[PDB]
>>> print(open('structure-v7.pdb').read())   # PDB, C-alpha atoms
ATOM      1  CA  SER A   1     105.502  85.866  80.175  1.00  0.00           C
ATOM      2  CA  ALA A   2     107.945  83.161  79.096  1.00  0.00           C
ATOM      3  CA  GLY A   3     111.329  83.363  80.815  1.00  0.00           C
ATOM      4  CA  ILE A   4     109.847  85.456  83.620  1.00  0.00           C
ATOM      5  CA  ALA A   5     109.338  84.062  87.121  1.00  0.00           C
ATOM      6  CA  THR A   6     105.951  84.167  88.838  1.00  0.00           C
ATOM      7  CA  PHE A   7     105.708  85.305  92.457  1.00  0.00           C
ATOM      8  CA  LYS A   8     102.822  84.966  94.912  1.00  0.00           C
ATOM      9  CA  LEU A   9     101.593  87.465  97.493  1.00  0.00           C
ATOM     10  CA  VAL A  10      99.492  86.439 100.486  1.00  0.00           C
ATOM     11  CA  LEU A  11      97.047  89.124 101.614  1.00  0.00           C
ATOM     12  CA  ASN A  12      96.510  89.084 105.375  1.00  0.00           C
ATOM     13  CA  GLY A  13      95.583  92.656 106.288  1.00  0.00           C
ATOM     14  CA  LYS A  14      92.580  94.142 108.088  1.00  0.00           C
ATOM     15  CA  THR A  15      90.414  94.609 105.000  1.00  0.00           C
ATOM     16  CA  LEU A  16      92.761  93.281 102.319  1.00  0.00           C
ATOM     17  CA  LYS A  17      92.456  89.495 102.197  1.00  0.00           C
ATOM     18  CA  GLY A  18      93.022  86.864  99.513  1.00  0.00           C
ATOM     19  CA  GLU A  19      95.757  86.048  97.002  1.00  0.00           C
ATOM     20  CA  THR A  20      97.493  87.753  94.089  1.00  0.00           C
ATOM     21  CA  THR A  21     100.505  87.181  91.840  1.00  0.00           C
ATOM     22  CA  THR A  22     102.952  89.096  89.657  1.00  0.00           C
ATOM     23  CA  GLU A  23     105.464  88.509  86.879  1.00  0.00           C
ATOM     24  CA  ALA A  24     109.013  89.524  87.790  1.00  0.00           C
ATOM     25  CA  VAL A  25     112.676  88.772  87.099  1.00  0.00           C
ATOM     26  CA  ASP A  26     113.518  88.631  90.804  1.00  0.00           C
ATOM     27  CA  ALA A  27     112.097  88.971  94.314  1.00  0.00           C
ATOM     28  CA  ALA A  28     113.109  92.633  94.457  1.00  0.00           C
ATOM     29  CA  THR A  29     110.993  93.477  91.415  1.00  0.00           C
ATOM     30  CA  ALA A  30     108.122  91.311  92.651  1.00  0.00           C
ATOM     31  CA  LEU A  31     108.035  93.217  95.940  1.00  0.00           C
ATOM     32  CA  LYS A  32     107.988  96.573  94.153  1.00  0.00           C
ATOM     33  CA  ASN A  33     105.065  95.412  92.019  1.00  0.00           C
ATOM     34  CA  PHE A  34     103.273  94.074  95.094  1.00  0.00           C
ATOM     35  CA  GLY A  35     103.984  97.388  96.812  1.00  0.00           C
ATOM     36  CA  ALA A  36     102.120  99.251  94.071  1.00  0.00           C
ATOM     37  CA  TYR A  37      99.209  96.832  94.418  1.00  0.00           C
ATOM     38  CA  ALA A  38      98.967  97.349  98.177  1.00  0.00           C
ATOM     39  CA  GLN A  39      99.172 101.122  97.757  1.00  0.00           C
ATOM     40  CA  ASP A  40      96.286 101.170  95.283  1.00  0.00           C
ATOM     41  CA  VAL A  41      94.101  99.395  97.838  1.00  0.00           C
ATOM     42  CA  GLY A  42      95.131 101.666 100.693  1.00  0.00           C
ATOM     43  CA  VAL A  43      97.435  99.158 102.385  1.00  0.00           C
ATOM     44  CA  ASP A  44     101.076  99.510 103.408  1.00  0.00           C
ATOM     45  CA  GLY A  45     101.915  97.212 106.318  1.00  0.00           C
ATOM     46  CA  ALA A  46     104.679  94.729 107.123  1.00  0.00           C
ATOM     47  CA  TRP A  47     106.472  93.262 104.108  1.00  0.00           C
ATOM     48  CA  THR A  48     107.929  89.771 104.490  1.00  0.00           C
ATOM     49  CA  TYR A  49     108.789  86.932 102.112  1.00  0.00           C
ATOM     50  CA  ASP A  50     110.853  83.788 101.579  1.00  0.00           C
ATOM     51  CA  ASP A  51     112.816  83.572  98.332  1.00  0.00           C
ATOM     52  CA  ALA A  52     113.024  79.801  98.777  1.00  0.00           C
ATOM     53  CA  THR A  53     109.383  79.464  97.738  1.00  0.00           C
ATOM     54  CA  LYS A  54     108.872  82.844  96.074  1.00  0.00           C
ATOM     55  CA  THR A  55     106.181  83.665  98.630  1.00  0.00           C
ATOM     56  CA  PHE A  56     105.331  87.160  99.855  1.00  0.00           C
ATOM     57  CA  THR A  57     103.067  88.235 102.706  1.00  0.00           C
ATOM     58  CA  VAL A  58     101.657  91.680 103.476  1.00  0.00           C
ATOM     59  CA  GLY A  59      99.456  92.962 106.295  1.00  0.00           C
ATOM     60  CA  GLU A  60      99.061  95.883 108.697  1.00  0.00           C
ATOM     61  CA  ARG A  61      99.234  95.632 112.488  1.00  0.00           C
ATOM     62  CA  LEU A  62      96.229  96.362 114.698  1.00  0.00           C
ATOM     63  CA  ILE A  63      96.571  98.974 117.440  1.00  0.00           C
ATOM     64  CA  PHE A  64      94.803  98.700 120.794  1.00  0.00           C
ATOM     65  CA  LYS A  65      94.665 100.897 123.894  1.00  0.00           C
ATOM     66  CA  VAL A  66      97.862 102.954 123.909  1.00  0.00           C
ATOM     67  CA  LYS A  67      99.981 100.614 121.791  1.00  0.00           C
ATOM     68  CA  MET A  68     102.455 102.321 119.469  1.00  0.00           C
ATOM     69  CA  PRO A  69     102.995 101.210 115.875  1.00  0.00           C
ATOM     70  CA  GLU A  70     105.340  98.222 115.711  1.00  0.00           C
ATOM     71  CA  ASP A  71     108.947  98.797 114.662  1.00  0.00           C
ATOM     72  CA  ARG A  72     109.204  95.710 112.458  1.00  0.00           C
ATOM     73  CA  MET A  73     106.226  96.933 110.438  1.00  0.00           C
ATOM     74  CA  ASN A  74     107.574 100.461 109.998  1.00  0.00           C
ATOM     75  CA  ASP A  75     111.055  99.137 109.232  1.00  0.00           C
ATOM     76  CA  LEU A  76     109.991  96.726 106.492  1.00  0.00           C
ATOM     77  CA  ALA A  77     107.678  99.333 104.973  1.00  0.00           C
ATOM     78  CA  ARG A  78     110.407 101.976 105.129  1.00  0.00           C
ATOM     79  CA  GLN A  79     112.815  99.761 103.193  1.00  0.00           C
ATOM     80  CA  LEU A  80     110.286  99.357 100.384  1.00  0.00           C
ATOM     81  CA  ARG A  81     109.168 102.990 100.460  1.00  0.00           C
ATOM     82  CA  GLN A  82     112.756 104.126  99.921  1.00  0.00           C
ATOM     83  CA  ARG A  83     112.727 102.048  96.739  1.00  0.00           C
ATOM     84  CA  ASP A  84     109.364 103.302  95.484  1.00  0.00           C
ATOM     85  CA  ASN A  85     109.703 103.717  91.720  1.00  0.00           C
ATOM     86  CA  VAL A  86     113.454 103.192  92.033  1.00  0.00           C
ATOM     87  CA  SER A  87     115.107 100.890  89.499  1.00  0.00           C
ATOM     88  CA  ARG A  88     118.667 101.628  90.604  1.00  0.00           C
ATOM     89  CA  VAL A  89     118.272  99.946  93.989  1.00  0.00           C
ATOM     90  CA  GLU A  90     117.750  96.274  94.830  1.00  0.00           C
ATOM     91  CA  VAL A  91     115.818  94.810  97.756  1.00  0.00           C
ATOM     92  CA  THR A  92     117.782  93.135 100.545  1.00  0.00           C
ATOM     93  CA  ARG A  93     116.745  89.491 100.871  1.00  0.00           C
ATOM     94  CA  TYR A  94     114.456  88.843 103.837  1.00  0.00           C
ATOM     95  CA  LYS A  95     115.907  86.593 106.538  1.00  0.00           C
TER      96      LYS A  95
END
>>> encode(input="structure-v7.pdb", output="structure tokens")
Amino acid sequence: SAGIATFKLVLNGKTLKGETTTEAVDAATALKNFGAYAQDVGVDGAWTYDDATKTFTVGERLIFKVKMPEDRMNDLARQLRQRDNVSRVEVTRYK
């Protein structure tokens, strides 16, 4: 779509691997779209990106022995989940 930015998502999960893109007006919208994608394919792991290059990455952490789920994963996911189907809230830029 003319006038609309294109964003890239890198897929680096356990079973979800490859590349996909979305049309969006900003990174916040792109993430929300990518969120929906990940959900449809049964994935909801760590969500990181760099606005400088318009690059997103998603993937879930592997658990071994008695390891607990990582906080960075749950945190990043939480931030997106709170914005699930919310248009009134923007995404804080990843640093």
>>> resolve_selection(input="structure-v7.pdb", expression="the PyMOL selection byres ((chain A and resi 92) around 9)", output="mmCIF file with C-alpha atoms, in the coordinates of the input")
data_model
loop_
_atom_site.group_PDB
_atom_site.id
_atom_site.type_symbol
_atom_site.label_atom_id
_atom_site.label_comp_id
_atom_site.auth_asym_id
_atom_site.auth_seq_id
_atom_site.Cartn_x
_atom_site.Cartn_y
_atom_site.Cartn_z
ATOM 1 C CA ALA A 28 113.109 92.633 94.457
ATOM 2 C CA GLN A 79 112.815 99.761 103.193
ATOM 3 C CA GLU A 90 117.750 96.274 94.830
ATOM 4 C CA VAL A 91 115.818 94.810 97.756
ATOM 5 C CA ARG A 93 116.745 89.491 100.871
ATOM 6 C CA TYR A 94 114.456 88.843 103.837
#
>>> atom_distance(input="structure-v7.pdb", atom1="atom CA of residue 16 of chain A", atom2="atom CA of residue 66 of chain A")
24.2 Å
>>> closest_residue(input="structure-v7.pdb", among="A:29, A:71, A:34, A:2", to="residue 86 of chain A", atoms="only C-alpha atoms")
A:29
>>> resolve_selection(input="structure-v7.pdb", expression="the PyMOL selection byres ((chain A and resi 42-54) around 7)", output="PyMOL selection string")
chain A and resi 7-8+27+38-41+55-61+73+76-77+94
>>> atom_distance(input="structure-v7.pdb", atom1="atom CA of residue 78 of chain A", atom2="atom CA of residue 24 of chain A")
21.4 Å
>>> atom_distance(input="structure-v7.pdb", atom1="atom CA of residue 81 of chain A", atom2="atom CA of residue 12 of chain A")
19.4 Å
>>> resolve_selection(input="structure-v7.pdb", expression="the PyMOL selection byres ((chain A and resi 3) around 10)", output="list in words")
residues 1, 2, 4, 5, 6, 23, 24 and 25 of chain A
